[PDB]
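S.K.: please find the sequence and an experimentally derived structure below.
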Protein chains: 2
Amino acid sequence: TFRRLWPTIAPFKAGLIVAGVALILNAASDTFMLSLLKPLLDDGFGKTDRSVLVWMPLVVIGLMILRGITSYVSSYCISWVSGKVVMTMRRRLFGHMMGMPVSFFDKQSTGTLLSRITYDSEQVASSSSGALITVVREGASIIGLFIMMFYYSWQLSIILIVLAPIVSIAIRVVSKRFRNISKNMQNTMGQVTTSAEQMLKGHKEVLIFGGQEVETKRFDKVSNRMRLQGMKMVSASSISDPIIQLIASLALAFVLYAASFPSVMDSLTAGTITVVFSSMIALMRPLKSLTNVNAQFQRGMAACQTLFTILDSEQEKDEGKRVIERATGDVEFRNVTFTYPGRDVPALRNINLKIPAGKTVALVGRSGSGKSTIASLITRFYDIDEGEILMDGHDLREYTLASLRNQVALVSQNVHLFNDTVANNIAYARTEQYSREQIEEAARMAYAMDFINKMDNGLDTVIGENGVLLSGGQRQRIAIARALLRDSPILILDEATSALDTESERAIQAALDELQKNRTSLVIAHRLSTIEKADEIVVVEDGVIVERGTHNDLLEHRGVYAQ
Amino acid sequence: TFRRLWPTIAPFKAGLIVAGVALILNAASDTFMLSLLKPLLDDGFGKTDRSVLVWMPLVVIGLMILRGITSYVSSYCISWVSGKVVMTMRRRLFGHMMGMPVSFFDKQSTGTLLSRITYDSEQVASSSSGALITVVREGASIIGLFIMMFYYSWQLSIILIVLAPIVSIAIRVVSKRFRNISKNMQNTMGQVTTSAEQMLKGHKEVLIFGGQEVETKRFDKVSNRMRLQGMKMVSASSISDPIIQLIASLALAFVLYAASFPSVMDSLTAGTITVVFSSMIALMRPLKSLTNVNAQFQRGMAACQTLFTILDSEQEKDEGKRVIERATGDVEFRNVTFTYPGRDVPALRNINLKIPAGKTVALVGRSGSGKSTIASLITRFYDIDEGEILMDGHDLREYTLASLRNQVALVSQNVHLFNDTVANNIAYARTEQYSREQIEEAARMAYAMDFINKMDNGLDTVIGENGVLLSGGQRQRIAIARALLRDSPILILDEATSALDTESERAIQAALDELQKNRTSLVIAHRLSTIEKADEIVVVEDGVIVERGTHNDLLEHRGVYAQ
């Protein structure tokens, strides 16, 4: 997986390499600070009284300033690589998410996608960079400390090069064993927590039947078991560390024993042993850090696995490329059957429906099939499972998605508003074009000039993140202005809005007759005012045209014609 | 506030005291190892004495074993106090989470309460215990190291006590300043991420309109802002540690300079200087932890503030103490007005409704106001804001909550099933009273023995969460089975769903007319079957009694009768 992640980091190798050299300098600063001890213990407080204890305060200051500067440089440069990696991978995810089929964003995975952008890209970068930091810095620290020992005491050093593998393997085995024991108790705690969850929402029907005392007793039992599992988990997690410290103090004891013997001693001056033991104590963090690196890296490359799974998911098909600019031709549904994704049975039953040019054909889908699914078809949302939607002489499959979905224009009060300025929101992808004079014309035609004048500068103002917070009807009129400005050959409507508004229902009606005087207008609605004003009606329920009749026939078979 | 929390922790003072003595022993072990250093250098590798070199490994192992044993004891005993305290506080929360009015659990705290119990009692116990561990252990370590140093070289220890306050205040100031800066950047980072969130949620529009080009470019800009904010955050966070280490090294340099001054200050033998410097280096983490303890403690006593706010919140009023066992009397409504909490002050308009004894009077509330709340009135879920409901010669405000809710029985699709056995799901708060034969007769009359008998042990089987997982129709069956346990004069049938099933609604209605044979009942049914079998139909819309006609009159008041 890292095998495939490298290419997005490679362009930024400069930051990683500077971080690597800076971290090697950091480990060398640690090693030199520790090595500085022998000079002290031997030629200061040791045999030579002084002349080395005024050089040394400044040497220590210099080496700690080097530690600080190299640590800051490492942090900055590796975080800059982490930035220019996440940033890029987040942008690739975003580019792929917007072009991916609507089914994926339709509850296939909806709330987790902001996570999979932000948190998961940051996890990829953070875990991989933590792995690199630990590997490089701690490996440099181990190498530097071992060189420091060898150059100072090659007798004790070999005993250590022998034990440190033993200490490291002991750390790995105990850590794995006891952390594995810990994870079981995590599930055993989750289960009892879910039991309390179960109890909590039973409030109603616990009050009714007076079981509050039985509920308290059962929560007492579950709380006690939660506490016992927590105690076991913490007991294991604790006993983990002292065992490691003891298996390390065993190495300390062996080294000290292997310093008592006459052969080894008589070489270990007062300073040499101090350097060796300080090296030893400083050799505890690196080993543990490596043992944990081999898992940090895998956590990182698992988050990257998730990101890559998202990235390579089948993008919305674009094989068809037939173009269309103005679609005066009728939309012709002919023997088309579609199934909603996640449902085996065809939600949209085999149906034929013609959409006369410049006609406000409408339908009512109370049964739940085709209520808004028909609207999906024209916009080439969830694709056609069967049939040829021969729109203006060709199948929707043949048409290119961009041009097709350009021809149509969905309007509703639920339409979100982009954070860009309101005028551009009306001219989205038409900005940099459709001159602000055209935008003013559209604003006037909108019959919502008043609302955008009500807040800030109208065209210039911005509906950002709660910038002016247009109401539902005002957003509906923004959308209708957008449609008029873009000159959509097709209009698709769902019951106008959810509710009527003051002067906004009238303005919407004015705008939609300005639009529908000359627009192939497929419509759907439950309220039948626009149905009465409509020339042609086709009521369709359960995927089948219950009545393909005009207002006269629809009154002949009322159905829900009366509230 | 810890002041009000102490009563819950006091009865378990034994655990805290053992943890305190164990942690003091732990810090004493740390101190004694650094003290042990001096023998090694002075009387060992200095004046040669193999006796000390062979005496020492036995002491390092002994002291690390003592350090491990005391660490384990501290972890266990302080977790056994954190364990018992957190469990007792969870249990007091839960006990006070049931008698609390349904209003609180209704949309004032729905999902946050899951956290409130578990996570927000742990963030109390764990945080306070972390504060105690740091204070005790690290204060013992500081005292121990300073005693260890004064006993060995008081001259340098004076300088070290002079500066250590300086180092501590430097740590405090830098840590604060820079963590405040980090929080400042965190605010902007979150704000910027929300922008990408709202972009992502606009999928449908960026598809219908536009070509995702403006969306991609604007996400590029927001991602660059995220990257720059992340880099600034990490830069500010990092610079803290190098600066702190540099101040600590200033202290080290000053101590070194103090050494090597003529004769005075240079009375330190190699062992004495090594011990003093080891104490100085091991006195870095205790100082940092003491400085940061108060943040941990305040986080803990803030989670505890939340928990106390929950505990002391007004429990449901139970002032009325009028008892009732069986109530054939009418649930009299007379001009009672009650606003659904938090909205719609004029809800449940002044309404008069006398439900005659031993009837199945019902209502239709499609208007959406005062439809299901009338059921609550009988169950007193959402108390009456103004008016009197004169039940059986006394008001609900006068009746005992338990008895009143004992009189009424609620059957609905959403009836929650207890995690206990099925027998006790139909014996809840009644298990000790009724016998297995009573529950067997209840199972028979339930008209659901087809589903019950198929289980493992019949009555004694388990209908807990998951497990057998009875369906919704079977949920209705079990609710009716409880009603058939013969303790429920008033039967507030929901029947708003009015669903029909395969032999399941058949059995449900069979048993339900068996009940209603001699049950005072109030129902709210969308269907007209109930109206047909209704005794006095009283349709109520928007909290006002539009009509009180019989079945024939309601047929005249057709409304949505045809469907």
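M.R.: Right, received. Where do you want to start? Numbers count the residues shown, from 1 in each chain, chains lettered A, B, ... in the order given.
S.K.: contacts only, for residue A:30.
M.R.: A:67, A:141, A:144-145, A:282 (CB atoms under 8 Å, 6 or more residues apart in numbering or on different chains). (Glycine included, C-beta is placed from N, CA and C.)
S.K.: and which of those is nearest chain B?
M.R.: Nearest to chain B among these, counting by CB to the nearest CB, is residue A:67 at 6.4 Å.
S.K.: is the longest helix anywhere in chain A anywhere near chain B?
M.R.: With secondary structure taken from DSSP state H, chain A has its longest helix at helix A:212-260. Yes. Using CB under 8 Å from any CB of the partner chain, we find that helix A:212-260 touches chain B at A:212-216, A:218-220, A:223-224, A:226-228, A:230-231, A:234-235, A:237-239, A:241-243, A:245-246, A:248-250, A:252-254, A:256-257, A:259-260.
S.K.: ok, of those, which come out buried?
M.R.: By neighbour count, with 16 or more other CB atoms under 10 Å in any protein chain shown, the residues of helix A:212-260 next to chain B hold A:212, A:214-216, A:218-219, A:223, A:226-228, A:230-231, A:234-235, A:237-239, A:241-243, A:245-246, A:248-250, A:252-254, A:256-257, A:259-260 as buried.
S.K.: does whichever strand or helix holds residue A:513 reach chain B?
M.R.: Using DSSP states H and E, residue A:513 maps to helix A:504-516. No. Judged by CB under 8 Å from any CB, helix A:504-516 stays clear of chain B, getting no closer than 15.3 Å.
S.K.: in that helix, which residues are buried?
M.R.: For helix A:504-516, the buried set under the neighbour-count rule, 16+ other CB under 10 Å, comprises A:504-505, A:507-508, A:511-512, A:515-516.
S.K.: repeat that for stretch A:552-563.
M.R.: Buried-residue list, stretch A:552-563, by 16+ other CB under 10 Å: residue A:554.
S.K.: swap in stretch A:359-378?
M.R.: Across stretch A:359-378, burial judged by 16+ other CB under 10 Å covers A:359-365, A:369-371, A:373-378.
S.K.: name the pair among the residues you listed with the greatest separation in space.
M.R.: A:359 and A:369 (23.0 Å; CB to CB).
S.K.: now the residue lying closest to residue A:523 once chain neighbours are set aside: how far from chain B?
M.R.: The spatially closest residue to residue A:523, leaving aside those adjacent along the chain, is residue A:362, at 4.1 Å (CB to CB, 6 or more residues apart in numbering or on different chains). Between residue A:362 and chain B the computed distance is 20 Å (CB to the nearest CB, to the nearest Å).
S.K.: gap between residue A:362 and residue A:374?
M.R.: Relative to residue A:374, residue A:362 is positioned 11 Å away (CB to CB, to the nearest Å).
S.K.: intersection of neighbour lists for the two?
M.R.: Both residue A:362 and residue A:374 are contacted by A:522, A:524, under the criterion CB under 8 Å, 6+ apart.
S.K.: in the stretch 201-350 of chain A, what residue comes closest to chain B?
M.R.: Nearest to chain B, among the residues of the stretch 201-350 of chain A, is residue A:242, at 3.0 Å (CB to the nearest CB).
S.K.: got the contact list for residue A:327?
M.R.: Neighbouring residues of residue A:327 by CB under 8 Å, 6+ apart: A:391-392, A:407, A:489-490, A:520.
S.K.: apart from its chain neighbours, what residue comes closest to the spatially most central residue of chain A?
M.R.: The centroid of chain A falls nearest to residue A:116 when counting by CA atoms, centre = their mean (2.2 Å). Sequence neighbours aside, residue A:310 is the residue nearest to residue A:116 in space, at 5.9 Å (criterion: CB to CB, 6+ apart).
S.K.: quick one: secondary structure of the one you found?
M.R.: In the three-state summary, residue A:310 is assigned as helix, counting by DSSP: H, G, I helix; E, B strand; the rest coil.
S.K.: try residue A:313
M.R.: Per three-state DSSP, the secondary structure class of residue A:313 is coil.
S.K.: please enumerate the helices of the stretch 51-200 of chain A.
M.R.: Along the stretch 51-200 of chain A, the segments classed as helices by DSSP state H, counting those that start in this stretch run A:55-98, A:102-103, A:112-133, A:139-152, A:154-200.
S.K.: show me what the third one is packed against.
M.R.: Which is helix A:112-133. Where contact means 3 or more CB pairs under 8 Å, 6 or more residues apart in numbering or on different chains; DSSP states H and E, helix A:112-133 is packed against helix A:2-9, helix A:13-35, helix A:55-98, helix A:284-311, helix B:154-200.
S.K.: could you confirm whether the third one reaches chain B?
M.R.: Okay, so that is helix A:55-98. Yes. Interface with chain B: helix A:55-98 contributes A:56-58, A:60-61, A:64-65, A:67-69, A:71-72, A:75-76, A:79-80, A:82-84, A:86-87, A:90-91, A:94-95, A:97-98 (CB under 8 Å from any CB).
S.K.: just the buried residues of these.
M.R.: Neighbour counting by 16+ other CB under 10 Å classes A:56-57, A:60-61, A:64, A:67-69, A:71-72, A:75-76, A:79-80, A:82-84, A:86-87, A:90-91, A:94-95, A:97-98 among the residues of helix A:55-98 next to chain B as buried.
S.K.: tell me how far the ends of stretch A:423-438 are from each other?
M.R.: One end of stretch A:423-438 sits 10 Å from the other (CA to CA, to the nearest Å).
S.K.: what residues does it touch?
M.R.: Residues from elsewhere that reach stretch A:423-438 (CB under 8 Å, 6+ apart): A:417-418, A:420, A:439, A:442-443, A:459-460, A:463, A:478, A:481-482, A:485-486, B:205, B:209-211, B:213-214.
S.K.: at 7 Å what do you get?
M.R.: A:417-418, A:439, A:442, A:459-460, A:463, A:478, A:481-482, A:485-486, B:209-211, B:213-214 (CB atoms under 7 Å, 6 or more residues apart in numbering or on different chains).
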